[PDB]
Structures are given as C-alpha cells and as structure tokens.
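The listed protein sequences derive, respectively, from chains B and A. Mind the numbering: the first sequence is residues 438 to 534 in PDB author numbering, read in order. Mind the numbering: the second sequence is residues 19 to 615 in PDB author numbering, read in order. Built from N, CA and C at the ideal position, the CB exists for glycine as well. Below is one structure, written out as structure tokens; the observations come after it.
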Amino acid sequence: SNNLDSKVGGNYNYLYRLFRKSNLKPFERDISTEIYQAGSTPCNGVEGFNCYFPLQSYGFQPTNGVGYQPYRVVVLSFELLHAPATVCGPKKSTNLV
Amino acid sequence: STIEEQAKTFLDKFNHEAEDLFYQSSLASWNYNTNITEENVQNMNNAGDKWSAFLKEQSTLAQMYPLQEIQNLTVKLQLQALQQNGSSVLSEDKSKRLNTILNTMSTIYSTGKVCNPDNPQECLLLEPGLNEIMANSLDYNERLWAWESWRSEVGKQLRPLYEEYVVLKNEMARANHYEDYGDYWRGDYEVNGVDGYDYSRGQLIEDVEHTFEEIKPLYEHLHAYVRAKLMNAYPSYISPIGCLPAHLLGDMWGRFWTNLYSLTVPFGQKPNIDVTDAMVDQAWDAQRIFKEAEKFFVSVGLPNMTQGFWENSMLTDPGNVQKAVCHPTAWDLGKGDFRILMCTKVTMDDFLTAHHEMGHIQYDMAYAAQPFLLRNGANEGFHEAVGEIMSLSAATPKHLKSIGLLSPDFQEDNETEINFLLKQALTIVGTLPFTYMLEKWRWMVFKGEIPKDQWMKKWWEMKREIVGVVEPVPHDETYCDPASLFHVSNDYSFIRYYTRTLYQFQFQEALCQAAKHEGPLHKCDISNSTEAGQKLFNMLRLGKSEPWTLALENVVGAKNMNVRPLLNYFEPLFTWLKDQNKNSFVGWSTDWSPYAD
Numbered sequence: 438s439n440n441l442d443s444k445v446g447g448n449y450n451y452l453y454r455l456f457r458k459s460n461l462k463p464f465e466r467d468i469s470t471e472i473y474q475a476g477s478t479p480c481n482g483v484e485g486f487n488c489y490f491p492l493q494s495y496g497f498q499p500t501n502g503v504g505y506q507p508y509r510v511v512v513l514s515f516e517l518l519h520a521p522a523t524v525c526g527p528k529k530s531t532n533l534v
Numbered sequence: 019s020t021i022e023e024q025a026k027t028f029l030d031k032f033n034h035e036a037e038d039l040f041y042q043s044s045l046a047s048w049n050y051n052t053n054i055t056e057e058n059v060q061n062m063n064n065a066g067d068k069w070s071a072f073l074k075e076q077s078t079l080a081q082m083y084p085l086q087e088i089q090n091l092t093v094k095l096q097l098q099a100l101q102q103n104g105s106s107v108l109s110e111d112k113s114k115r116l117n118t119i120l121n122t123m124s125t126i127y128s129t130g131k132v133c134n135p136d137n138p139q140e141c142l143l144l145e146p147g148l149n150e151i152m153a154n155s156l157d158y159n160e161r162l163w164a165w166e167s168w169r170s171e172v173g174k175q176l177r178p179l180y181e182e183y184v185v186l187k188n189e190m191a192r193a194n195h196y197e198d199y200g201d202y203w204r205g206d207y208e209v210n211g212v213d214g215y216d217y218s219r220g221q222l223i224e225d226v227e228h229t230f231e232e233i234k235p236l237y238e239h240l241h242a243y244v245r246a247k248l249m250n251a252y253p254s255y256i257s258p259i260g261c262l263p264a265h266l267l268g269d270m271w272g273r274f275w276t277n278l279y280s281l282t283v284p285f286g287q288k289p290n291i292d293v294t295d296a297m298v299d300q301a302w303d304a305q306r307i308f309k310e311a312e313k314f315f316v317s318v319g320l321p322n323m324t325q326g327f328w329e330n331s332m333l334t335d336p337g338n339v340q341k342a343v344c345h346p347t348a349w350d351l352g353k354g355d356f357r358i359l360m361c362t363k364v365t366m367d368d369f370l371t372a373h374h375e376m377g378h379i380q381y382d383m384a385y386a387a388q389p390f391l392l393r394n395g396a397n398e399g400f401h402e403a404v405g406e407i408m409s410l411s412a413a414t415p416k417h418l419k420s421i422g423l424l425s426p427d428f429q430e431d432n433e434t435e436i437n438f439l440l441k442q443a444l445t446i447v448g449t450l451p452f453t454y455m456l457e458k459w460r461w462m463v464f465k466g467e468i469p470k471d472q473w474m475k476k477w478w479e480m481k482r483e484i485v486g487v488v489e490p491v492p493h494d495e496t497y498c499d500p501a502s503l504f505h506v507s508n509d510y511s512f513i514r515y516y517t518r519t520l521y522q523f524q525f526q527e528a529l530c531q532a533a534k535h536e537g538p539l540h541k542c543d544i545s546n547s548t549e550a551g552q553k554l555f556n557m558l559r560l561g562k563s564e565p566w567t568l569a570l571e572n573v574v575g576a577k578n579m580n581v582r583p584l585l586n587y588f589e590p591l592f593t594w595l596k597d598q599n600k601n602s603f604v605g606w607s608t609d610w611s612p613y614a615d
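Here it is, written out as structure tokens:
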C-alpha cells in the first residue's frame with residue numbers, strides 16, 4: 438500500500454500496541470490505553486518515570502524500505518461452530534445438455 | 019521492575035520515536051544537500067535541532083538506569099549514548115561557548131582564502147581552490163606562498179579557538195568519567211560488560227603504536243624513494259638522509275601524496291591498470307555504474323539493492339538552481355531509505371568510489387534489523403572501511419575483464435602491477451603515518467602533557483620523527499597546524515583513516531580465504547565467489563550491538579589491527595622499492611632542515 442496508505446511527512450493514522458503487561462490470547466482485541474507500568478513507580482494513567490504510553494504510530498512515507506513499507510493485511514478467520522454453515526465456496530455452472 | 023526491565027521499557031519506546039525524528043532529520047538534511055532551496059535549509063535545521071534536543075530531553079529519564087544492574091549487553095550499549103547528556107553535563111557558559119567555537123572554526127575553514135602574490139586581484143578559496151593549487155603545483159615558491167600565508171591569517175587565528183577546543187571538550191569528557199577528550203575518541207572503541215572481550219581505553223595508545231612500527235619498513239622504503247626522486251629536483255632543500263619540505267607533500271595539509279606519482283613512476287615503458295578510457299569504450303554511464311555494481315554484490319553473496327536505492331540516488335548536479343554536493347558522501351537516513359550523494363563522471367576512481375559509497379549502504383542494509391540505538395557502525399573507522407573492501411577486488415583484472423572494461427590483451431605481470439600499486443600506495447601509505455601523527459599529538463595536548471608553548475615544538479618534532487617532514491619556515495607556538503583540519507575544527511575523527519587501512523585490508527584478506535585466493539592481496543578477486551558475502555554479512559549486521567573486537571574476530575579472528583595484509587598487498591612494490599633504495603639510505607634523519615645551513 439506504500440503508494441496509498443503512506444504519504445510525504447508521515448502517516449500517523451495507523452497505530453499499534455507496543456507495551457502490555459502480558460500476552461494476548463488468540464482472537465482477543467484490546468483497545469485499553471492504560472499506561473504500562475515498567476517499575477514500582479505508580480502510574481495510574483499518568484506519564485512519568487517508568488510510565489510510558491503503550492500505543493505508538495507507525496511512520497509511513499513512500500520512501501520507506503521494502504521490509505518497512507506499509508502493507509495492507511487481511512486475515513481471514515474461518516470458524517466452524519455447531520451452527521449450520523453459511524458462507525460456502527464458489528459454485529461455477531457449466532453448459533446444459 | 020528490575021533496572022534491566024525498566025530500562026528496556028524506555029529503550030523500546032525510544033527506538034520508535036527516535037527513528038521517526040532522526041529519519042526526518044536526515045531526510046531534510048538529504049533534501050537540502052541534493053537540492054538547494056530556502057525551504058530545505060529551514061527544515062534541515064529545524065528537524066536537526068528537534069532530534070538533537072529530543073535525545074537531551076529523554077536523557078533525563080535514561081540516566082536513572084545505571085549499567086551495573088543491567089545484564090543485557092544491548093540495553094547497556096543503548097544507554098551508553100543516552101547516559102552522555104551532551105551540553106547538559108557542561109555548564110551553561112561552557113556549553114554555549116563550545117558551540118560558538120566549533121561554529122567559528124568551521125566558518126574560518128570554509129571562508130578562508132589565500133591571495134596570489136603575483137595576482138593581487140585573484141584570491142582563491144581553500145576548497146577547492148587552495149587544495150587544488152597545492153595539489154598540482156610542482157613549484158617551490160608557488161606552494162610555499164599559499165602554505166605559509168594560510169596559517170598566518172588562519173592558523174594563527176585558530177589558536178585561541180583551539181585553546182577552548184581543548185579545555186571545553188575535556189570538561190565534558192571528565193563529566194563522562196573520561197581522562198580527556200583524547201580519551202573521548204578512545205571511548206569510541208570502548209568495550210565493557212563482556213567477559214574476555216572487554217577493550218581497555220588506554221590500550222588504544224599501544225594498539226596504534228604497535229601497528230605503526232610494522233608500517234615503518236613499508237614506509238621507510240617509500241619515503242626514501244620519494245625523497246630520492248625529489249632530491250634531484252631540490253638538491254639544496256632536500257637531503258638524501260634528511261626530511262622533505264612540508265609544502266611539497268602534494269596537497270594542503272600533507273594528507274595524500276597521490277599527485278607525486280608522475281615523478282615516481284616505476285617504469286615509463288610499462289602500462290598501468292586504468293578503466294577510465296575503458297569505460298569510454300564500454301560506454302557506461304552513471305546509471306550503469308551502480309547497475310554493474312549491484313551485480314557484483316549479488317555474485318559475492320551480499321544482498322541486492324532496492325529499487326528505491328537506484329531510482330532515488332543522486333547521480334549529478336543539475337546546475338546552481340538545485341545544487342548537489344560533488345564530494346562523495348553516503349547519508350544514512352532510516353526506515354530502509356538509503357541514498358548516496360555524488361557527482362558521477364567517467365573515471366577509474368568513480369568506479370572505485372561507486373563500490374565505496376555503496377559499501378556504506380551495503381553495510382547500512384545489514385544492521386537495519388537492529389534497534390535504532392543499536393543501528394550504527396561499531397566505530398567511526400568501520401563506516402569508510404566497508405566501502406573500500408568492495409573496490410579492492412573490483413579493480414582486479416579478473417573482474418574487469420569479466421565485465422568487459424579491461425581488454426583481454428592487457429598484460430598482467432610484475433611491471434604492470436607495481437605501476438598500479440604505487441599509484442594507490444601514495445593514497446594508502448601516505449595517509450597512515452600522517453594520520454597516526456596528528457591524532458597521537460592531540461592525545462598529548464588534550465591530556466596536558468604538552469604545554470601551550472610546545473604545541474608546535476612537539477608538532478614539528480614528531481613530524482620529523484614520524485613522517486620525516488621538515489618545515490621550510492620555522493613556526494612558533496602562535497601557529498596551529500591541526501586546527502585547520504576538516505576533522506578537528508568540525509569535531510570529527512581524523513584517525514578513522516589510519517584504522518581504515520588496517521580494517522579494510524583485514525576484511526579483504528579473510529574473505530580471500532573463502533574465495534580461494536592465495537598470494538598477494540591485489541591478485542584476489544571475490545567476484546563470483548558466494549562465500550565472500552556470506553561470511554561478511556554476518557559481521558556487518560551486528561553493528562555496535564556487539565563489541566567491535568567480537569565482530570572483527572568473527573571474520574579475521576583477530577582482536578586488533580594487523581599490518582600483514584598491508585605488506586602482501588604492496589608486496590610487489592615493497593620488494594621493488596627495496597631494490598631501488600639500495601643506492602640510497604632507508605629511513606630518515608631529523609637533523610636536516612632546508613633553512614638551516
């Protein structure tokens with residue numbers, strides 16, 4: 438997407454979670470902005486010593502290196518539950534005789 | 019919780035924010051150097067001052083994480099630069115005045131000039147003008163006029179600026195727990211926190227001294243060879259056992275002797291290796307020079323170059339409206355955006371500089387996987403060394419005839435190699451004693467061993483002893499030779515050249531073991547051998563995250579610099595200079611002076 442989602446001067450729209458007190462489970466979305474406490478210094482949503490804002494914004498410009506270029510990633514989650522199946526693969530019809 | 023976990027949290031967040039500002043700082047610094055506009059000069063200073071002050075603001079929380087409680091080598095080496103607070107450890111007076119000293123010495127260096135006594139209306143600037151005249155002039159008086167008058171108007175003016183340059187920089191080093199500012203650059207090699215790989219700061223004094231002794235037998239034969247040729251030119255001012263005048267060294271400050279090759283030619287009836295006229299026959303342009311250079315990096319086993327590198331490179335200067343610096347330079351920006359600023363003509367040196375400038379980027383793409391504070395050369399000498407190791411084998415007749423530049427009818431023998439090795443020797447051999455001389459003299463003055471009155475007394479005394487060079491005009495303590503140097507006035511490392519030659523020949527020799535080449539070094543060609551880039555990339559990707567002795571040991575297996583690759587590379591010349599110097603005196607004597615009769 439480097440010709441689309443990146444622009445001169447940087448694109449701050451796309452963020453990420455740099456710090457968290459633990460590891461997330463599969464299929465877990467956490468939007469919590471709570472400040473990560475590195476040491477014993479109290480934070481309570483206030484920045485300071487050992488208090489750092491976890492979310493960070495990717496620098497995106499068209500000149501970034503291939504490994505650092507922004508890429509649009511679409512992850513397809515296929516979940517088979519006890520409920521009947523809904524989405525099916527393509528059905529390609531042929532001529533009739 | 020622990021200091022190792024607390025500091026790692028600060029350093030992980032810092033790597034993201036510092037990479038954004040430093041890249042934009044180098045991007046604005048790139049846009050101005052390549053294109054001169056009034057918008058880029060403001061963005062270069064703004065983005066440069068923001069990132070410079072960004073590390074000063076974050077160094078308050080970084081200095082609270084000592085390196086004794088951290089067992090991680092990466093975390094300690096990242097905080098090592100953040101522990102130094104820059105202008106903060108200095109007092110408000112000493113910090114603000116220091117910036118004035120470094121800026122004033124650069125203004126005098128850039129705006130300085132020496133007028134022509136024969137043409138009062140013609141006054142030539144230092145760069146290129148005064149460096150060009152001292153380059154091509156064979157005359158005794160024409161060189162001495164611009165050589166002596168410079169240090170009178172400039173060198174004498176830079177003496178009080180050099181006085182503050184010694185004092186104000188030592189106060190910052192002593193606040194950093196360093197002996198002096200001479201130890202500040204001895205701290206560039208400093209290694210602590212690893213068992214057995216630690217590097218003593220005071221060991222560097224013996225390291226460069228033990229190597230210079232092995233350079234003597236190669237330098238004594240060449241210095242006596244050049245002195246014997248210059249003796250017939252000036253028999254009164256040049257003794258066979260004496261020293262050569264300081265203004266005849268071939269350039270302004272005596273850095274390179276390369277322009278004296280015309281008189282020193284070993285054989286006038288034998289050809290030498292030159293691709294300048296060969297590139298005219300093969301018809302290669304600036305776009306195809308870097309194009310043919312990438313194929314060499316792929317064949318040797320090094321990673322290729324991205325399309326953004328070759329497309330966005332700056333190949334020339336589109337006039338004065340948008341002006342690009344023609345001095346070859348490779349700027350490291352970040353985020354995988356790497357570019358090279360050079361004015362590309364058709365010459366043999368531009369092809370060797372092509373692999374030289376791309377060698378910086380070839381090293382830059384290796385450590386890009388490391389954290390930002392771990393993204394850098396392991397020292398200041400590895401930057402310029404990685405570029406030359408690609409150009410050493412690129413000038414070999416094996417690769418030149420494979421790509422088509424050098425004609426296959428070209429005869430390769432001892433007579434043709436010595437002509438080419440000596441032309442490169444004056445650039446190589448001529449730099450080592452002069453560079454080992456200047457930095458060693460700074461270590462003594464920064465320490466205080468040399469009183470202010472003996473600055474030039476020890477300078478010219480160490481000049482006759484080291485490089486065997488005597489002054490035509492005796493200089494008192496009022497003059498200062500090193501203050502006019504580009505590296506000293508701009509606070510850059512000039513010793514990187516003495517270390518490069520010992521680094522570049524080690525990096526080249528060890529790869530020839532995997533490239534299956536034996537004998538002299540110049541006969542080794544790493545092209546088409548994939549094992550060269552494989553063993554080299556493992557060292558280049560570490561950067562300074564590991565001790566520079568560790569990365570050096572991963573290739574050559576040595577923890578220090580070695581002159582043995584310098585000997586075998588010039589071995590056809592070293593054995594030839596010994597034969598020609600049989601009728602002369604090897605070495606030099608410090609008791610001869612041109613003005614003392």
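Should residue i and residue j be called a contact, given that it needs their Cβ atoms to be closer than 7 Å?
i: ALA164(A); j: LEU186(A); result: no
i: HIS241(A); j: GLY486(A); result: yes
i: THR445(A); j: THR294(A); result: no
i: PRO565(A); j: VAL172(A); result: no
i: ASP292(A); j: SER411(A); result: no
i: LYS562(A); j: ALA396(A); result: yes
i: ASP509(A); j: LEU120(A); result: yes
i: residue 623(A); j: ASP198(A); result: Chain A is shown from 19 up to 615; residue 623(A) falls before or after that span and cannot be answered.
i: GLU406(A); j: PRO590(A); result: no
i: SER70(A); j: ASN103(A); result: no
i: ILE468(A); j: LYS476(A); result: yes
i: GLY448(A); j: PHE274(A); result: yes
i: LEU248(A); j: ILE256(A); result: yes
i: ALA501(A); j: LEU116(A); result: no
i: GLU527(A); j: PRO583(A); result: yes
i: residue 5(A); j: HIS378(A); result: Residue coverage of chain A in this structure runs from 19 to 615, which leaves residue 5(A) outside it and unanswerable.
Buried or exposed for residue i, please, with buried defined as at least 16 other CB atoms from any protein chain shown within 10 angstroms of its CB.
i: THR334(A); result: exposed
i: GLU484(B); result: exposed
i: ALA384(A); result: buried
i: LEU392(A); result: buried
i: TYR449(B); result: exposed
i: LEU281(A); result: exposed
i: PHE452(A); result: buried
i: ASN154(A); result: exposed
i: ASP368(A); result: buried
i: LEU517(B); result: exposed
i: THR500(B); result: buried
i: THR27(A); result: buried
i: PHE464(B); result: exposed
i: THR20(A); result: exposed
i: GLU57(A); result: exposed
i: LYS481(A); result: buried
Within 7 Å (strictly less), CB to CB, does residue i reach chain C?
i: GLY422(A); result: Absence of chain C from the displayed structure is noted, the protein chains being B and A.
Spell out the partners DSSP gives residue i in its beta bridges.
i: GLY352(A); result: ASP355(A)
i: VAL209(A); result: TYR217(A)
i: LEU262(A); result: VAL487(A)
i: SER494(B); result: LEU452(B)
i: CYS141(A); result: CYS133(A)
i: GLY485(B); result: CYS488(B)
i: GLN474(B); result: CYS488(B)
Quick one: measure Cβ to Cβ for residue i and residue j, integer angstroms, because I've assumed they're closer than 8 Å.
i: residue 10(A); j: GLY502(B); result: No answer is possible for residue 10(A): the residues shown for chain A start at 19 and end at 615.
i: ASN487(B); j: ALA475(B); result: 4 Å
i: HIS373(A); j: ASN599(A); result: The pair is not a contact, with the Cβ atoms about 33 Å apart (cut-off 8 Å).
i: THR567(A); j: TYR217(A); result: 6 Å
i: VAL404(A); j: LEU558(A); result: 7 Å
i: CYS133(A); j: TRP610(A); result: Contact flag wrong, Cβ pair sits at about 32 Å.
Does the beta-carbon of residue i, which I'm using as the reference point, lie nearer than 6 Å to any heavy atom of the ligand COA?
i: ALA99(A); result: With respect to the ligand COA, the structure offers nothing, as it holds no ligand at all.
**Report entry** Ordered list of alpha helix (DSSP H) runs contained in the region 533-604 of chain A, each at least 4 residues
**Finding:** List check, alpha helix (DSSP H) in window: 549-558, 566-571, 582-587 and 589-598.
Requested in this report: Enumerate, from N- to C-terminal direction, the unbroken beta strand (DSSP E) stretches of 3 or more residues contained entirely within the region 312-383 of chain A.
Outcome: Counting only runs of 3 or more, we get 347-352 and 355-359.
Query raised in the report: Which runs of the alpha helix (DSSP H) spanning at least 4 residues fall entirely within the region 404-470 of chain A, listed in chain order?
Result: You should have 415-421, 432-446 and 449-465.
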